[PDB]
Structure formats: C-alpha cells, structure tokens
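Novice:
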Amino acid sequence: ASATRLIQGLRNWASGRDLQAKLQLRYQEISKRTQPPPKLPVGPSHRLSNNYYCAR
Amino acid sequence: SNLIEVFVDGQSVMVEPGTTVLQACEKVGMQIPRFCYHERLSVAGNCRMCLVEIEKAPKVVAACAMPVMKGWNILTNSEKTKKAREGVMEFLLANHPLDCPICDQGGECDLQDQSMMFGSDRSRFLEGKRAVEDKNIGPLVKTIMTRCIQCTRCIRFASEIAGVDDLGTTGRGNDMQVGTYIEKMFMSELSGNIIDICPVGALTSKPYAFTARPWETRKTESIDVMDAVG
Ligand code: SF4
Ligand code: SF4
Ligand code: FES
C-alpha cells in the first residue's frame with residue numbers, strides 16, 4: 001500500500017481483481033515477536049498410580 | 006538319573022537337582038535380570054531384581070537363590086513379574102545421582118540397560134536423594150561411593166577370592182556405607198579385578214578414568230604376557 005491513486009487505478013483496471021485489499025506485502029499482521037513464554041501441557045501420561053509400563 | 010522337570014514358560018526341560026532357578030532359565034536361554042548374582046561368587050539375595058513368578062503361588066520368589074522342587078512351571082513374562090521388576094527398578098534409581106554424563110561406565114552400566122529394557126518411563130520421588138562421602142580405596146582404584154547401589158559384590162569377591170577382608174558394610178537403613186572403616190589403602194593382588202565386578206560406576210579405574218567411552222573403542226582378542234598362565 002501507501003501508493004498514489006492513479007497507479008492504483010491502473011493496477012485495478014489492468015487486472016480486474018480490486019487488487020488493493022490483497023496484494024502480498026505484509027505490513028501489520030506480522031505476528032508480534034517476543035511472545036509471552038509458554039507453559040506446555042502434559043498429555044495422557046504422568047498420572048500417578050496408574051502408569052505401569054506393562055499396560056502401555 | 007537325577008532329573009527334575011521344569012516348565013520354563015510352559016516349555017519342558019530336565020534339570021539336575023540342587024541348581025538355582027536362574028541356571029534353569031539360562032539352560033533354556035532366558036535371562037532373568039540381576040545385579041548381585043554373579044557366576045563366580047557366592048549367592049546373596051541383596052539386589053532383589055531377580056524376582057520371578059511361579060504358577061499357583063501367592064509370593065514372588067527370588068531366582069538367584071531358590072532350589073528346584075519337582076515339576077515347576079515358571080512365568081518369566083507374567084503380570085506381577087513385570088510389576089515387581091518395574092517396582093525394584095523404580096526403587097534403585099532413587100538414591101542414585103545424576104552422573105550418567107560424568108560417569109565412567111556410561112556405555113557399559115547395568116542400571117541403564119535394565120532401566121531401558123525392563124523399567125518404567127516416567128519417574129517419581131520429588132524430594133530426597135541421599136549423598137554419601139566417598140572413600141579412597143587405593144591409588145589404582147578411583148572410588149565414588151555416591152553411585153553405589155549396595156549390591157555387596159565387592160565384599161563377597163574380596164573375602165572369597167582376594168582373601169583380604171578389608172571391605173565391610175557399615176551402618177543401617179539408608180546409611181549403609183560400603184568400604185574400609187580405618188582409611189586403609191586396600192592394596193593386594195587382584196585389586197584391579199574389582200572394577201569389573203562392581204556393576205555400577207562406583208569402583209572405577211584410576212588411570213583409565215576420564216579418557217574414553219565404550220561405544221567407540223573397538224574390541225580385539227589378545228593373549229597376555231609377563232605371566233606364565235597367559
Ligand atoms: S553407574 Fe550407571 S546409573 Fe549411575 S551414573 Fe553411572 S551410568 Fe548412570
Ligand atoms: S561398591 Fe559396587 S560392588 Fe560394592 S556394593 Fe556398591 S555397587 Fe556393589
Ligand atoms: S540376584 Fe537374586 S537378589 Fe540379587
């Protein structure tokens with residue numbers, strides 16, 4: 001984006017897709033880096049008093 | 006002609022009287038896992054890993070020191086056999102420190118191989134893990150007695166083959182040190198053989214100590230010199 005109106009209109013006319021809304025230059029919806037630190041869950045193991053390895 | 010029938014896992018085999026259960030299971034080719042049985046020393050029942058279930062019996066018997074009655078039928082891969090082995094393995098890895106990187110028997114331990122092929126996956130025992138002050142057995146034997154599992158195989162070896170009678174158990178409960186009480190250098194012949202006897206990395210070699218790792222060094226048959234026996 002951040003282009004003037006005339007070349008925008010000629011881009012829209014030379015290819016009739018209304019090209020401005022989706023143009024594949026990523027500006028603001030890049031994922032914000034340095035996310036908060038994650039806590040990862042533990043699935044169907046680690047439960048005490050059933051985890052005999054002879055079962056699974 | 007002195008024959009007794011034992012059905013190891015249902016399969017029949019004739020076995021001479023007087024022998025242990027573990028010699029019968031090795032007569033059919035099985036290996037019951039073990040820590041304090043050794044085929045050159047007297048049989049003690051300390052390690053308790055060797056347990057195996059006999060059919061039509063309430064208790065789980067020790068295969069290292071059980072004679073053979075007439076007509077057994079032995080389950081080596083039953084339910085409570087596996088439960089007893091995973092239990093004893095989960096007890097053994099409690100008071101055993103996190104030294105598997107710095108240890109010297111890291112490729113050739115027995116706790117590691119049996120805790121792979123018989124033990125549990127997740128651990129427990131959030132708090133605890135005693136630590137014992139190490140001794141100095143000799144300048145040829147490096148000694149970290151923190152890794153000891155108190156299997157009492159160095160003592161049986163020293164007393165019955167080396168004839169020295171210097172190694173002793175001292176204490177009770179968790180506090181059972183295995184060593185010399187009087188700071189005495191255990192210096193005799195066949196003192197080097199004790200590093201192959203100790204199955205965990207407690208009594209390790211002093212000149213070899215931190216120089217190799219056993220999955221890299223390749224093995225070669227050879228014959229001794231300097232001794233007439235070879
Ligand atoms: S003796 Fe075995 S379990 Fe103990 S630190 Fe060494 S490799 Fe690990
Ligand atoms: S020092 Fe080694 S051989 Fe002796 S009781 Fe401990 S684990 Fe067994
Ligand atoms: S081998 Fe039977 S108790 Fe250690």
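Residue numbers (the deposited numbering), protein chains in the order written: chain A7, 1 to 56; chain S1, 6 to 235. Quick reminder that beta carbons are idealized off the backbone N, C-alpha and C, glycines included.
The segment 73 to 92 of chain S1: which residues have C-beta closer than 7 Å to a C-beta of chain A7, in chain order?
Specialist: Of all residues in the segment 73 to 92 of chain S1, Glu84, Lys87, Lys88, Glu91 have a Cβ within less than 7 Å of some Cβ in chain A7.
Novice: I want to see whether chain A7 comes within less than 7 Å of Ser125 (chain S1), judged by CB atoms only; does it?
Specialist: Taking the first residue of the second sequence as position 1, residue 125 (chain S1) is located at position 120. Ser125 (chain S1) counts as touching chain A7.
Novice: I want to see whether chain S1 comes within less than 7 Å of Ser49 (chain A7), judged by CB atoms only; does it?
Specialist: For the purposes of this step, residue 49 (chain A7) is taken as the residue at position 49 of the first sequence. No, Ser49 (chain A7) does not count as interfacial toward chain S1.
Novice: Name the residue from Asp180 (chain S1), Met94 (chain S1), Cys55 (chain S1), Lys75 (chain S1) whose alpha carbon lies nearest to the alpha carbon of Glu10 (chain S1).
Specialist: Translated into the one-based positions of the second sequence, residue 10 (chain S1) becomes position 5. Checked all of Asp180 (chain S1), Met94 (chain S1), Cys55 (chain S1), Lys75 (chain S1); the closest Cα to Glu10 (chain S1) is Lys75 (chain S1).
Novice: Could you give the first and the last residue of the continuous beta strand (DSSP E) run that contains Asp180 (chain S1)?
Specialist: Start at 1 with the first residue of the second sequence, and residue 180 (chain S1) comes out as number 175. Unbroken beta strand (DSSP E) run through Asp180 (chain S1): 180 to 184.
Novice: Taking only runs that begin and end inside the segment 170 to 227 of chain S1, name each unbroken beta strand (DSSP E) of 3 or more residues, in chain order.
Specialist: For the segment 170 to 227 of chain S1, whole beta strand (DSSP E) runs of length 3 or above, ordered along the chain, are 173 to 177, 180 to 184, 208 to 210.
Novice: In angstroms, rounded to a whole number, what distance separates the CA positions of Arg158 (chain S1) and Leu97 (chain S1)?
Specialist: Here residue 158 (chain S1) is taken as the residue at index 153 of the second sequence, counted from 1. Here residue 97 (chain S1) is taken as the residue at index 92 of the second sequence, counted from 1. Going from the Cα of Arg158 (chain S1) to the Cα of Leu97 (chain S1) covers about 16 Å.
Novice: Terminal residues of the continuous alpha helix (DSSP H) containing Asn12 (chain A7)?
Specialist: As a working mapping, residue 12 (chain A7) is identified with position 12 in the first sequence. Residues 5 to 14.
Novice: I need the straight-line Cα distance from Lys61 (chain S1) to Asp171 (chain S1), nearest angstrom please.
Specialist: Numbered from its first residue, the second sequence carries residue 61 (chain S1) at position 56. Numbered from its first residue, the second sequence carries residue 171 (chain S1) at position 166. Taking the straight line from one Cα to the other gives about 44 Å.
Novice: Hey, is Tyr53 (chain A7)'s beta-carbon within less than 7 Å of any beta-carbon in chain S1?
Specialist: Taking the first residue of the first sequence as 1, we reach residue 53 (chain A7) at position 53. It does: the Cβ of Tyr53 (chain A7) has a partner Cβ on chain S1 nearer than 7 Å.
Novice: Tell me, please, which residues DSSP counts as bridged to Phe12 (chain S1).
Specialist: Here residue 12 (chain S1) refers to the residue found at position 7 of the second sequence. Partner(s): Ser17 (chain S1), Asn78 (chain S1).
Novice: Quick check: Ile59 (chain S1) and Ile79 (chain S1), are their CB atoms within less than 7 Å of each other?
Specialist: For the purposes of this step, residue 59 (chain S1) is taken as the residue at position 54 of the second sequence. For the purposes of this step, residue 79 (chain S1) is taken as the residue at position 74 of the second sequence. Result yes, Cβ atoms of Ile59 (chain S1) and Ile79 (chain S1) sit closer than 7 Å.
Novice: Against chain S1, does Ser2 (chain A7) count as a neighbour if the rule is that its beta carbon must be under 7 Å from one of theirs?
Specialist: Within the first sequence, numbered from 1, the residue matching residue 2 (chain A7) stands at position 2. Cβ-Cβ to chain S1 under 7 Å: no for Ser2 (chain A7).
Novice: Within 10 angstroms of the Cβ of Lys22 (chain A7), are there 16 or more other Cβ atoms? Answer buried if so, exposed if not.
Specialist: For this step, residue 22 (chain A7) is matched to residue 22 along the first sequence. It is exposed - the Cβ of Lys22 (chain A7) has fewer than 16 other Cβ atoms within 10 Å.
Novice: Determine the DSSP secondary structure at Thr148 (chain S1), reduced to helix, strand or coil.
Specialist: Counting from one through the second sequence, the residue named residue 148 (chain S1) turns up at place 143. It is a strand residue.
Novice: Output yes if chain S1 places a C-beta closer than 7 Å to the C-beta of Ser45 (chain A7); else output no.
Specialist: Residue numbering aside, residue 45 (chain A7) sits at position 45 when the first sequence is read from its first letter. Yes, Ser45 (chain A7) counts as interfacial toward chain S1.
Novice: Taking DSSP's pairing of strands, which residues face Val57 (chain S1) in a bridge?
Specialist: In the second sequence, residue 57 (chain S1) corresponds to position 52, counting from 1. For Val57 (chain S1), which the question treats as bridged, DSSP gives the partners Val66 (chain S1).
Novice: What does the alpha-carbon distance come out to for the pair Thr174 (chain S1) and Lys64 (chain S1)?
Specialist: The residue you call residue 174 (chain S1) lines up with position 169 of the second sequence. The residue you call residue 64 (chain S1) lines up with position 59 of the second sequence. One C-alpha to the other measures close to 29 Å.
Novice: Expressed to the nearest angstrom, what Euclidean distance is found between the alpha-carbon atoms of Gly15 (chain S1) and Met35 (chain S1)?
Specialist: Residue mapping note: residue 15 (chain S1) aligns to position 10 of the second sequence, counting from 1. Residue mapping note: residue 35 (chain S1) aligns to position 30 of the second sequence, counting from 1. C-alpha separation (whole angstroms): 13 Å.
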